[PDB]
file input.pdb (PDB, C-alpha atoms)
ATOM      1  CA  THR A 366     -34.279  24.373  40.554  1.00  0.00           C
ATOM      2  CA  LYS A 367     -32.755  25.690  37.293  1.00  0.00           C
ATOM      3  CA  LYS A 368     -30.562  22.541  37.150  1.00  0.00           C
ATOM      4  CA  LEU A 369     -33.609  20.269  37.727  1.00  0.00           C
ATOM      5  CA  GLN A 370     -35.564  22.263  35.068  1.00  0.00           C
ATOM      6  CA  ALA A 371     -32.670  21.631  32.642  1.00  0.00           C
ATOM      7  CA  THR A 372     -32.617  17.935  33.661  1.00  0.00           C
ATOM      8  CA  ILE A 373     -36.408  17.575  33.170  1.00  0.00           C
ATOM      9  CA  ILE A 374     -36.058  19.292  29.737  1.00  0.00           C
ATOM     10  CA  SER A 375     -33.385  16.656  28.949  1.00  0.00           C
ATOM     11  CA  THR A 376     -35.741  13.931  30.310  1.00  0.00           C
ATOM     12  CA  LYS A 377     -38.560  15.245  28.055  1.00  0.00           C
ATOM     13  CA  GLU A 378     -36.132  15.082  25.089  1.00  0.00           C
ATOM     14  CA  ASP A 379     -35.220  11.504  26.171  1.00  0.00           C
ATOM     15  CA  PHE A 380     -38.965  10.692  26.402  1.00  0.00           C
ATOM     16  CA  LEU A 381     -39.457  12.059  22.838  1.00  0.00           C
ATOM     17  CA  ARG A 382     -36.485   9.921  21.665  1.00  0.00           C
ATOM     18  CA  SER A 383     -38.024   6.935  23.541  1.00  0.00           C
ATOM     19  CA  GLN A 384     -41.346   7.572  21.699  1.00  0.00           C
ATOM     20  CA  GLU A 385     -39.413   7.714  18.373  1.00  0.00           C
ATOM     21  CA  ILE A 386     -37.815   4.334  19.285  1.00  0.00           C
ATOM     22  CA  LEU A 387     -41.326   3.048  20.285  1.00  0.00           C
ATOM     23  CA  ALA A 388     -42.476   4.035  16.741  1.00  0.00           C
ATOM     24  CA  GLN A 389     -40.516   0.906  15.690  1.00  0.00           C
ATOM     25  CA  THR A 390     -42.865  -1.878  16.885  1.00  0.00           C
ATOM     26  CA  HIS A 391     -40.235  -4.675  17.236  1.00  0.00           C
ATOM     27  CA  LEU A 392     -43.254  -6.919  18.056  1.00  0.00           C
ATOM     28  CA  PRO A 393     -42.241 -10.299  19.581  1.00  0.00           C
ATOM     29  CA  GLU A 394     -43.016 -13.268  17.308  1.00  0.00           C
ATOM     30  CA  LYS A 395     -46.753 -14.186  17.601  1.00  0.00           C
ATOM     31  CA  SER A 396     -45.862 -17.908  18.055  1.00  0.00           C
ATOM     32  CA  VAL A 397     -42.800 -17.900  20.422  1.00  0.00           C
ATOM     33  CA  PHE A 398     -44.635 -20.108  22.956  1.00  0.00           C
ATOM     34  CA  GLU A 399     -46.016 -22.201  20.039  1.00  0.00           C
ATOM     35  CA  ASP A 400     -42.449 -22.652  18.648  1.00  0.00           C
ATOM     36  CA  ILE A 401     -41.241 -23.568  22.191  1.00  0.00           C
ATOM     37  CA  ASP A 402     -44.021 -26.211  22.378  1.00  0.00           C
ATOM     38  CA  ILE A 403     -43.155 -27.435  18.828  1.00  0.00           C
ATOM     39  CA  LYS A 404     -39.432 -27.820  19.716  1.00  0.00           C
ATOM     40  CA  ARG A 405     -40.412 -29.539  23.022  1.00  0.00           C
ATOM     41  CA  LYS A 406     -42.522 -32.014  20.996  1.00  0.00           C
ATOM     42  CA  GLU A 407     -39.629 -32.389  18.498  1.00  0.00           C
ATOM     43  CA  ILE A 408     -37.033 -33.108  21.251  1.00  0.00           C
ATOM     44  CA  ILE A 409     -39.454 -35.567  22.978  1.00  0.00           C
ATOM     45  CA  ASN A 410     -40.021 -37.342  19.623  1.00  0.00           C
ATOM     46  CA  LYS A 411     -36.250 -37.339  18.891  1.00  0.00           C
ATOM     47  CA  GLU A 412     -35.413 -38.856  22.307  1.00  0.00           C
ATOM     48  CA  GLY A 413     -38.278 -41.387  21.870  1.00  0.00           C
TER
ATOM     49  CA  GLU B 721     -36.914 -81.391  37.133  1.00  0.00           C
ATOM     50  CA  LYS B 722     -33.531 -80.471  35.638  1.00  0.00           C
ATOM     51  CA  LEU B 723     -35.538 -78.393  33.121  1.00  0.00           C
ATOM     52  CA  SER B 724     -37.582 -76.884  36.014  1.00  0.00           C
ATOM     53  CA  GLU B 725     -34.406 -75.857  37.920  1.00  0.00           C
ATOM     54  CA  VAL B 726     -32.881 -74.258  34.804  1.00  0.00           C
ATOM     55  CA  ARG B 727     -36.178 -72.469  33.837  1.00  0.00           C
ATOM     56  CA  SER B 728     -36.513 -71.191  37.434  1.00  0.00           C
ATOM     57  CA  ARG B 729     -32.996 -69.810  36.885  1.00  0.00           C
ATOM     58  CA  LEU B 730     -34.479 -68.323  33.674  1.00  0.00           C
ATOM     59  CA  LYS B 731     -37.420 -66.731  35.586  1.00  0.00           C
ATOM     60  CA  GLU B 732     -34.989 -65.353  38.215  1.00  0.00           C
ATOM     61  CA  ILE B 733     -32.916 -63.661  35.479  1.00  0.00           C
ATOM     62  CA  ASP B 734     -36.217 -62.487  33.829  1.00  0.00           C
ATOM     63  CA  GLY B 735     -37.235 -60.764  37.105  1.00  0.00           C
ATOM     64  CA  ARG B 736     -33.713 -59.310  37.145  1.00  0.00           C
ATOM     65  CA  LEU B 737     -34.366 -58.320  33.497  1.00  0.00           C
ATOM     66  CA  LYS B 738     -37.762 -56.888  34.591  1.00  0.00           C
ATOM     67  CA  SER B 739     -35.996 -54.974  37.416  1.00  0.00           C
ATOM     68  CA  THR B 740     -33.476 -53.613  34.850  1.00  0.00           C
ATOM     69  CA  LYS B 741     -36.412 -52.662  32.547  1.00  0.00           C
ATOM     70  CA  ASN B 742     -38.042 -50.820  35.508  1.00  0.00           C
ATOM     71  CA  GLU B 743     -34.711 -49.048  36.202  1.00  0.00           C
ATOM     72  CA  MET B 744     -34.408 -48.136  32.484  1.00  0.00           C
ATOM     73  CA  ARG B 745     -38.036 -46.851  32.333  1.00  0.00           C
ATOM     74  CA  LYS B 746     -37.307 -44.760  35.485  1.00  0.00           C
ATOM     75  CA  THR B 747     -34.162 -43.383  33.749  1.00  0.00           C
ATOM     76  CA  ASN B 748     -36.320 -42.657  30.660  1.00  0.00           C
ATOM     77  CA  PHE B 749     -38.821 -40.822  32.909  1.00  0.00           C
ATOM     78  CA  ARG B 750     -35.924 -38.872  34.511  1.00  0.00           C
ATOM     79  CA  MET B 751     -34.455 -37.905  31.080  1.00  0.00           C
ATOM     80  CA  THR B 752     -38.023 -36.939  30.000  1.00  0.00           C
ATOM     81  CA  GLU B 753     -38.163 -34.781  33.162  1.00  0.00           C
ATOM     82  CA  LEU B 754     -34.747 -33.293  32.194  1.00  0.00           C
ATOM     83  CA  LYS B 755     -35.936 -32.348  28.676  1.00  0.00           C
ATOM     84  CA  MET B 756     -39.197 -31.052  30.240  1.00  0.00           C
ATOM     85  CA  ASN B 757     -37.033 -28.828  32.538  1.00  0.00           C
ATOM     86  CA  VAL B 758     -34.896 -27.582  29.590  1.00  0.00           C
ATOM     87  CA  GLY B 759     -38.004 -26.391  27.784  1.00  0.00           C
ATOM     88  CA  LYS B 760     -39.576 -24.314  30.499  1.00  0.00           C
ATOM     89  CA  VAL B 761     -40.713 -20.674  30.448  1.00  0.00           C
ATOM     90  CA  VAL B 762     -38.029 -18.310  31.782  1.00  0.00           C
ATOM     91  CA  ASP B 763     -39.209 -15.613  34.227  1.00  0.00           C
ATOM     92  CA  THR B 764     -35.851 -13.743  34.443  1.00  0.00           C
ATOM     93  CA  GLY B 765     -36.843 -10.763  32.195  1.00  0.00           C
ATOM     94  CA  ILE B 766     -38.348  -8.714  35.084  1.00  0.00           C
ATOM     95  CA  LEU B 767     -35.372  -9.829  37.247  1.00  0.00           C
ATOM     96  CA  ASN B 768     -32.917  -8.485  34.589  1.00  0.00           C
TER
END
call {"tool": "encode", "arguments": {"input": "input.pdb", "output": "C-alpha cells"}}
result
Amino acid sequence: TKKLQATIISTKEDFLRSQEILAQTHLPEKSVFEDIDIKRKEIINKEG
Amino acid sequence: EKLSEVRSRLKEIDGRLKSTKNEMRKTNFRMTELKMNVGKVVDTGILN
C-alpha cells in the first residue's frame, strides 16, 4: 500500500508533467485534409 | 474493289487501334485508381 501510494504520487507528478506538456498546443494544421486533397488534385493533373 | 479490300484492312486495324485505345484507357483508369489509393486517409494512428 505504501509502495502503491508512492507510485500514485509519481503518477500524479507524471500527470502534472503531462499537463505542462499539454500547455504546448501543438495543434495539427487546420488544412491537412485540404492539403491532401490539393496534392491529390495536383498529382491527377500532373498524370493527366 | 481493290480499294475496298485495302480499306477493310484499314478498318480492321482501326478496330485493333480502338481495342488498344480501350486497353490504354483501362490502364489510365487503373493508374488513376493507383494514385487514388496512394492518397487515401490512413487509420493506423489508433493502431500504433
call {"tool": "closest_residue", "arguments": {"input": "input.pdb", "among": "B:768, B:755, B:763, B:723", "to": "chain A", "atoms": "all atoms listed in the file"}}
result
B:755
call {"tool": "resolve_selection", "arguments": {"input": "input.pdb", "expression": "the PyMOL selection byres ((chain B) within 12 of (chain A))", "output": "list in words"}}
result
residues 745, 748, 749, 751, 752, 753, 754, 755, 756, 757, 758, 759, 760, 761 and 762 of chain B
call {"tool": "axis_aligned_box", "arguments": {"input": "input.pdb", "around": "stretch 726-738 of chain B", "padding_each_side": "8 Å", "output": "lines of an AutoDock Vina configuration file"}}
result
center_x = -35.3
center_y = -65.6
center_z = 35.9
size_x = 20.9
size_y = 33.4
size_z = 20.7
call {"tool": "atom_distance", "arguments": {"input": "input.pdb", "atom1": "atom CA of residue A:388", "atom2": "atom CA of residue A:375"}}
result
19.8 Å
call {"tool": "atom_distance", "arguments": {"input": "input.pdb", "atom1": "atom CA of residue A:410", "atom2": "atom CA of residue B:738"}}
result
24.7 Å
call {"tool": "atom_distance", "arguments": {"input": "input.pdb", "atom1": "atom CA of residue A:376", "atom2": "atom CA of residue A:389"}}
result
20.2 Å
call {"tool": "build_atoms", "arguments": {"input": "input.pdb", "residues": "stretch 724-755 of chain B", "atoms": "N, CA and C atoms", "output": "compact mmCIF listing (two decimals), in the frame of the given file"}}
result
# COMPACT_ATOMS: atom_id res chain seq x y z
N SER B 724 -36.89 -77.80 35.08
CA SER B 724 -37.58 -76.88 36.01
C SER B 724 -36.54 -76.02 36.73
N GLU B 725 -35.47 -76.63 37.23
CA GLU B 725 -34.41 -75.86 37.92
C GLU B 725 -33.85 -74.82 36.95
N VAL B 726 -33.54 -75.23 35.72
CA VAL B 726 -32.88 -74.26 34.80
C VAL B 726 -33.88 -73.16 34.39
N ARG B 727 -35.18 -73.48 34.30
CA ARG B 727 -36.18 -72.47 33.84
C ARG B 727 -36.53 -71.57 35.02
N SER B 728 -36.32 -72.06 36.25
CA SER B 728 -36.51 -71.19 37.43
C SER B 728 -35.33 -70.23 37.43
N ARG B 729 -34.15 -70.73 37.03
CA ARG B 729 -33.00 -69.81 36.88
C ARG B 729 -33.40 -68.78 35.83
N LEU B 730 -34.07 -69.24 34.77
CA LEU B 730 -34.48 -68.32 33.67
C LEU B 730 -35.43 -67.27 34.23
N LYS B 731 -36.40 -67.68 35.05
CA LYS B 731 -37.42 -66.73 35.59
C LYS B 731 -36.74 -65.76 36.55
N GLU B 732 -35.75 -66.24 37.30
CA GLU B 732 -34.99 -65.35 38.22
C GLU B 732 -34.32 -64.28 37.36
N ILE B 733 -33.65 -64.69 36.27
CA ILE B 733 -32.92 -63.66 35.48
C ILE B 733 -33.94 -62.77 34.77
N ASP B 734 -35.15 -63.28 34.49
CA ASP B 734 -36.22 -62.49 33.83
C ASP B 734 -36.71 -61.42 34.80
N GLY B 735 -36.87 -61.77 36.08
CA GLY B 735 -37.24 -60.76 37.10
C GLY B 735 -36.10 -59.77 37.25
N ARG B 736 -34.86 -60.25 37.13
CA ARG B 736 -33.71 -59.31 37.15
C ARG B 736 -33.81 -58.47 35.87
N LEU B 737 -34.17 -59.10 34.75
CA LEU B 737 -34.37 -58.32 33.50
C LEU B 737 -35.53 -57.34 33.69
N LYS B 738 -36.60 -57.78 34.35
CA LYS B 738 -37.76 -56.89 34.59
C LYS B 738 -37.32 -55.74 35.50
N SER B 739 -36.50 -56.04 36.51
CA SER B 739 -36.00 -54.97 37.42
C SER B 739 -35.13 -54.00 36.62
N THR B 740 -34.30 -54.51 35.71
CA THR B 740 -33.48 -53.61 34.85
C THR B 740 -34.39 -52.79 33.94
N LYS B 741 -35.45 -53.40 33.40
CA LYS B 741 -36.41 -52.66 32.55
C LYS B 741 -37.07 -51.56 33.37
N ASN B 742 -37.44 -51.85 34.62
CA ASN B 742 -38.04 -50.82 35.51
C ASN B 742 -37.02 -49.71 35.76
N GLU B 743 -35.76 -50.07 35.99
CA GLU B 743 -34.71 -49.05 36.20
C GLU B 743 -34.57 -48.21 34.93
N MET B 744 -34.56 -48.86 33.77
CA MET B 744 -34.41 -48.14 32.48
C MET B 744 -35.62 -47.23 32.24
N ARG B 745 -36.84 -47.71 32.53
CA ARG B 745 -38.04 -46.85 32.33
C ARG B 745 -37.96 -45.66 33.30
N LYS B 746 -37.47 -45.88 34.52
CA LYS B 746 -37.31 -44.76 35.48
C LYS B 746 -36.27 -43.78 34.94
N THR B 747 -35.18 -44.28 34.36
CA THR B 747 -34.16 -43.38 33.75
C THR B 747 -34.79 -42.64 32.57
N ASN B 748 -35.63 -43.32 31.79
CA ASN B 748 -36.32 -42.66 30.66
C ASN B 748 -37.24 -41.57 31.21
N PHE B 749 -37.96 -41.86 32.30
CA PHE B 749 -38.82 -40.82 32.91
C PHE B 749 -37.96 -39.65 33.38
N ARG B 750 -36.81 -39.95 33.99
CA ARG B 750 -35.92 -38.87 34.51
C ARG B 750 -35.35 -38.04 33.35
N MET B 751 -34.94 -38.68 32.25
CA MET B 751 -34.46 -37.90 31.08
C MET B 751 -35.62 -37.12 30.47
N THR B 752 -36.84 -37.69 30.48
CA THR B 752 -38.02 -36.94 30.00
C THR B 752 -38.23 -35.74 30.92
N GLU B 753 -38.07 -35.93 32.23
CA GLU B 753 -38.16 -34.78 33.16
C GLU B 753 -37.06 -33.78 32.80
N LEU B 754 -35.85 -34.24 32.49
CA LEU B 754 -34.75 -33.29 32.19
C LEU B 754 -35.14 -32.44 30.99
N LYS B 755 -35.60 -33.09 29.91
CA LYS B 755 -35.94 -32.35 28.68
C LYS B 755 -37.16 -31.47 28.95
